[PDB]
Structure formats: structure tokens, C-alpha cells
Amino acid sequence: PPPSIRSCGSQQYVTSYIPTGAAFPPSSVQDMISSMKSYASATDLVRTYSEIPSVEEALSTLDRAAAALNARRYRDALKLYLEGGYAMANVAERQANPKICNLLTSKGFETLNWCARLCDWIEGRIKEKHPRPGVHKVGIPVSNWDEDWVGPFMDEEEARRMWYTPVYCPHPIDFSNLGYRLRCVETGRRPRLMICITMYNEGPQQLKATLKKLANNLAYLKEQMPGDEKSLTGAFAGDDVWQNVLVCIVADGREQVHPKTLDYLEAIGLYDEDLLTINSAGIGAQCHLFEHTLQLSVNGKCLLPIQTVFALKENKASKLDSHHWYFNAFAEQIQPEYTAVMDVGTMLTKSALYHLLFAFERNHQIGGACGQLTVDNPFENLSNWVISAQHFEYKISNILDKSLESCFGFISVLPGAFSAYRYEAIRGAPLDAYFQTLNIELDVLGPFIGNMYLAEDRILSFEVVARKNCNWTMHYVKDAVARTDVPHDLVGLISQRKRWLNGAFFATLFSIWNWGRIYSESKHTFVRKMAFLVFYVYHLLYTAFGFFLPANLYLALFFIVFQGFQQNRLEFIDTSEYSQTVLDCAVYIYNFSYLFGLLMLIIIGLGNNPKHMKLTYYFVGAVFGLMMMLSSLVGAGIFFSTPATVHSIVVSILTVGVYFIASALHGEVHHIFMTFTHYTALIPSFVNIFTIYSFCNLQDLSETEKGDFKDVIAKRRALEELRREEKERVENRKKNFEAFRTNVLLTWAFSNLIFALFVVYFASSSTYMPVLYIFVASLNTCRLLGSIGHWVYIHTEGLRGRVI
């Protein structure tokens, strides 16, 4: 018998006893149910409220329907889809905005048709695998259209209408199989060059500058006369070049996109929030792609139209995921000839694309090319030391390293922007190895492959060069200048260099380990293999020298400056005087200051993020810079005081003047003169701070419908077990990666410490400095020879290309 539970929910507190022995007898619950009339009032109120539907309710029901369909429960999905479709169809009449009314009507009809198809599938009449709502792209007039704009010729359908479609494709390789198409393919156009602009959390100005620069490049390509020896022929000839270029702007996530960037994109007719909100309600799309042929006008001059596809991903991922989508989906569908990759904010000169295409067409053996990277407005605000140091570093790195590596046809491209490939060398295995992380969990790959983060460009380069049964070489184009924007403070530079150094070190180790594939698998000429062997020996020596850089810097400074002051080896001054306390005071001050600075740096770097420790980083950098400037002045005095000899002048030239000689040979000598002083004061800061922080922060890295009660309990237990197992797996992965990074850091730090201690204790300045001079002179001589060879090639092969 049921107890007196008539008022158990209404009253604030009720205590009841429920006997579970033999259940409640029938004919008693019915009387209690029929004896209550307030339920009728509640039902009447609910029905009256539920007569009128709403947009928000319909969208929520469609979202729940998509969630149910993703869980492979089809009856609930069908019911929710029917409810949402009927709700939207009823609501569409009430709306006063014509655009909203039309979009709601179309969405309701589409949802109802999908419901009918799903019902047919459930009944068994239609046999398919993993049914999804049919793909449907909607074209709408652009809100803002410039009446006064002059272009070559634009069909009204292409000129005034922007197209939108949501894509659910989980693996981008299936983009063309699921039935998705692009406007270029439908219209019959077959673009031959594709440019990708990865964007994440950026202001409108950078995107505007990038688009203007691309339009200028297209105009320059159009302007060139035909029939010249240096003019390109074919698709990129003239008066139709804009039809052979497609620009893909891939964003990283709706959550992190700057709102002003979205406003600017909507201004140029490449984004609309109402269409995205309505048309993507039930699909549960992974990405949303808008398509347009944007027409940009700057000041009183009208630019050429640019065919643009803006792909906005729903959830945030890495840049490698953006390249995954771009390459696989768009490249496999369009099947272009070339493929250029650049970041947002990279401003190109008028001739970058022309030079890239000219090299690709003339050589026919180049599988990839990279342009020169420069700092925007270096001379302006020259009082900033960080900007000038970065400018000097970029110029020297480009000239020496790029020339030397491009002589042998193998380039380890610097991170960031403006690298072009041809979609024949990279289509197969190189791209499969490029996207290895995105397809295989880091548990299977291991710690070494996982820690190769943000170094995927070097992996792609090495895969292209060492591809089996093919001989593809890389090239460096000096005239394809791309200007970027660099951080103006030490903290951003520290973070950027952390990323760069992690990637560079582990990619270099991978290349050194796998260099044998060039001889074992690739098909090159014998001379190419011998040249690659020579470059391999040079690369081993260079990496080994770079690993021991802090110890060598400390030893050089200590010996020269301070054991010249203490032991009377400075030539311009005599220290045979003095009380023997000042000399030891200087040596001890140097040692203690260096040790304390290194300890503070390592503690801070391993400890916390370098944004709230700005003052300490600035203080350590200033101390090291003053020390380096004093050492430079002392060394200059020592060198000038000596009457000099053949050995002295040869070593001085091959050590210091190689930079000036190469810069003068290439014509970029004024930048070196302006920025050498600024770069000199940051060498210890660069080496110590960046390497220590990079090593310390290495850890940073990425179906029952109804059921009964027993089914519910089993489902909940299974869910809890799966959640706990996943948590344990993630913990184990983090533990392994942290252990690997700690082992690497300990090895590096203790190797450097032991080397420095042994050289200090068991070696003199007379028996160590000549070895360092020989090593540095040899490396710089090799780099200078490489630069001269590249210059000779680039200025001669045009004249001597007739014979061979």
C-alpha cells in the first residue's frame, strides 16, 4: 500500500518510507492519479505556452539532433530533426526581415527532406553507409558592393553573389568523395597556383596588407610584355593571370578570431553571421567555407579581383591541421601545379611571385623554393636594439646559410612564411610523412617524434629531397623578398625563439639520423651523392660546434679578457703593477657574476612564463650586453696594439670580415654596417637565454535507444571506466614527454659544464685559443665559399645555360 505521499513535492520537507518487498497493489495508483486536478492546470498552462514556437528553441533542437546523430542513435535524431524542421517552418512566417525569412524557409524545407530520406533509410528501402544530411551550398547577394569599381570582366553571378557551405568531412582526404565542390571547379576554371594564408588571432591591418600585396603581385604579373626572353609564358602570361590564382584563407577557430577581423571580412563580402548561424544548425559541421571573387579598392586605385576561399574551422587546432585541410582537400580536388604557403602579415614585393614562378619554370628540377625574409622598416626607429639585432640576424642567416645550403640543393627552411612547392614532388610520401602526427597518436610515435614540434617544414624538405625513385632538389631565390613584422621586446623574442629552437634542434637530429636514405632509396647522380656527403660532413661539424656554444663563449671571454688583465696579456696596458688583489677580484667577479646569472636564468626559464619576469630578463640581458661590449672593446684594442703578421691578419679576416665581404659581394652592406653594433651586444643573450629557455620548456606540446534500468547502470559504469582509462593514458603520455625533455636538458647542461671545467683546469690560453681560432676560421671559410659559389651560379647560369 502506497503511503500518504499526496503532498511530498509541494511541501518543503516530507519523510516517507517505501516498502520494496512486494510492490504496490493495482487499482490504488489509478485512484490517486485520477483524484488530482492540479495536473490538468499544469498541462493546460504548458500547452498554451508551447503553442507558440521560437527560433532559439528550433536551433537548440537541431543542435541536439546533430549530437544524437553523431552518437549513431537514429530514432532520436529523426524525431528531433522533424521537430526542428516543423518549428523552423512555422517560425519563418513570423519574421519581418526578408533575408531571415528566406533562410529559415529554405532550412526548414531542407531539414524536412533530410528527415524523409532518413526515414527511408531506416525502413531499409535505401541502403547507404553512415547517412548524413545532404550537402547544400547557398549563394546570397553581398551586402556591400562597390558600384564604382573597374575590372577586366565579371559575370554578375560571380561579381555580386557570395557562396557558403558547411563541411562535416572528418578526414580531409574524403572531401571530394562526400560530394563537396568549390566554385572554381564548378565554373570550369582550373587555377594553376594556390596560396594559403594561415590566420589565428590577428588584427585586420595585417590581412589587409597581405591582400593588397598579393593584388600588387598579380598586377605586376599582368603588366609584363610578351615575347621577351625573361617573360613567363602560358597561364601566368598576361590579361588573365587573376583567373589562374586561388587564395585560401584558413582560420584556426571561431572562438579565437579577432572580432574586428570578422567585421573586415564581412565588409569585403567574405563572411556573414546570420547565414552561418542558420544554415549550419543541424549539420554539425567541422568547418565552414565561404567563396567569393573579392574586388579590393585602395585609395583611388582599383586592384585586380582575387578568387578567395575563406575556411573557418569550428574548433581550435594547430597550424599543421590548417595545412592538412588545405593540402589534402583543396589540393587533391583542384590538382594545381604549384602551391605557395605564407603566414598572415607577410608583405611581398611586386616581383616575388614572378621570381618564384620563373625559377620553377626554368629549372624543372626544383621541388621547392623559399624566398628571402626581411624585417619591415629596419632603419625606422633605429634606436631599438632588438629590431636591429633581428635585422642583422636575418640578413646574415639568409646570405650565408641559405647560399651555402642552396649550392648543394638542400635547404632547411627557416620557420615562418613564404615557401613554395610544386604539387608533383610532395603529393605522395612526403605529405604522408608531413602529417604523421595528425594521423597517429603520440603514444605510438614516441617522445622523440612528438618533441619535433613546429619543425614539420624541415621534415617536408628532407622528404622531398630524399624521395625514392626521384631526384628533387631545393632552391633559394634571393629576389623573392617578403617583409614581416618582428617583436619589439625581449619577451616575445624569447617565446618565438623557444618555438624555433625546439623545432630546429629536433629536426636537425632527425635529418642527421636519416641522411642514409638519400643513398639507399633516392635516385640521384653520383656527383650529387658526393656533394651531399660533403655537406653531411659539414653539417655534422656545424651541429657539434653549435651544441657546445655557451662553453666556448665563456672560455673565449674568460681567457682573452680576464686572463689578459690578470696575467698581463693585454698589449695596450701593463698590469705588472697593482696589489694582486684587484686582479683576482676581477677574475672572481667575472666568475661569480656569470654563474649567478646562469643560475637565475635557468631557474626563471624552467619556473614560469617569461611575461611577468620582464624586469629580471631585462636586467640579465643588460648585464650580459655590457660585458660583451667591454670584451669587444678590449679585443679591438688588443688586436690593434699588436704590429700584426700573416697569421693574425688571415685569422682576423676569416673570422670577422667574412660577414662584410659576403654582404659587399651581394650588395647588402649598409645593413650590416648599421646593425653590427646592435647585434654584437646581444650574442650572450641570444645564446644563453634562448637555448636555456628552449631546452627547459621542451615539455610544451599538444548507442541504445530505449534500454532498461540495468542498461542505464551498465552504460554509466562503462562511461566512468572509459573516462578513467583516458585520464590515465594522458597522464602517462605527459610523464614520458617530461622525462625525455628533462634527460635532454640534463645531458646538455652537464656536458657544457664538464667541458668548461676541464678546459679551465687542464688547459692554458696558449694551448686552447689557436684551436678555437682554427675551428671558427674553417667554418666561416666554408660559409664564405658557399656564398661566393651561390653568387657565381645566380649570375652565371643565365649566360652559360646555353651549353648545359
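The first residue of the shown sequence is 1; numbering continues from there. In this text, the rigid core denotes the largest set of C-alpha atoms whose superposition between the two forms falls within 1.5 Å.
Taking the rigid core as the alignment reference, the C-alpha atoms of 413-421 lie farther on average from the displayed form in 4 other deposited structures of this protein than those of the other stretch among 413-421 and 152-160.
Larger average C-alpha displacement in 4 other deposited structures of this protein, relative to the shown form after a rigid core fit, is seen for 453-461 when comparing 237-245 with 453-461. Among the other PDB entries of this protein that were compared and that flank it with modelled residues, residue 738 is modelled in all, so it is never left out in a third of them. Compared with other PDB entries of the same protein, residue 750 is present in all of those that resolve the residues around it, none of them, let alone a third, dropping it. The deposited sequence places no unmodelled residues between residue 641 and residue 642, so the chain runs continuously there.
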